[PDB]
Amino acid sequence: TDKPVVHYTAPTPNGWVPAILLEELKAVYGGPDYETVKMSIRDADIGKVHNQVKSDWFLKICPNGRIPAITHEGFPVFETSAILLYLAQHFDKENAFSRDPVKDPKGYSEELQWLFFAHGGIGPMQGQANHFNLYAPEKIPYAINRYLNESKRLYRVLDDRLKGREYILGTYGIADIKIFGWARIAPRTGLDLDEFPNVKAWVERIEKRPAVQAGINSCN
């Protein structure tokens, strides 16, 4: 009775996103279902909790010792954007949320470019902004300013891409889902989404999807 997909996750800008896609897929195709394994991302739990991202058994699934990761009938996939691509290729047969590499090589490339932009830019830089507010023991203005300025620059790139559209590649798909995990916590990072009104409306359009709520809530 095991589900075909197991999602190892935590309620975070990265952990929400495969669950969002899984719920979107279910709403369209009727499946697949998934099992959720809630993992500790607290360094104070290292060694002493089985479901903890540094525990060795989990490194066989995600060698980086971070969430999210999935297994699909035993096959492991780590890194948010790679998980989204995997799930789309295996379950999104009508291309509702993703572009086909064979029939749409240029559109597929576009999708990869925006995923990699988020994966190398928004996620890392907004995460460093969060680091220097929440976790660094001292206030370090050089670093706080560096990462807030860089996050603002990246959100301007995103806002400009959203001008004249409702979604990054026109129709809602996995590039929106990846970025949305971070964009919905942008205010708490110190960005003003009212300064990026295309981004703000896009976050609101996605937040109101029932599958998005179900995916976020599955991580709690």
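All residue numbers are counted from 1 along the displayed sequence.
- Stretches 22-30 and 154-162 differ in mean C-alpha B factor, with the higher average recorded for 22-30.
- Judged by mean Cα B factor in the deposited record, 163-171 ranks above the other of 163-171 and 48-56.
- You'll see in the entry that, of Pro68, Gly65, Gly190, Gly181, the Cα B factor peaks at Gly190.
- Sort the modelled residues of the chain by CA B factor and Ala201 lands in the highest third.
- For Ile122, the recorded CA B-factor ranks within the lowest third of the chain. Only modelled residues enter the ranking.
- Compared with the other modelled residues of the chain, the Cα B-factor recorded for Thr80 ranks in the lowest third.
- Among all modelled residues in this chain, the alpha-carbon of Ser98 has a temperature factor (C-alpha) in the highest third.
- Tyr147 sits in the lowest third of its chain by CA B factor, as recorded in the PDB entry.
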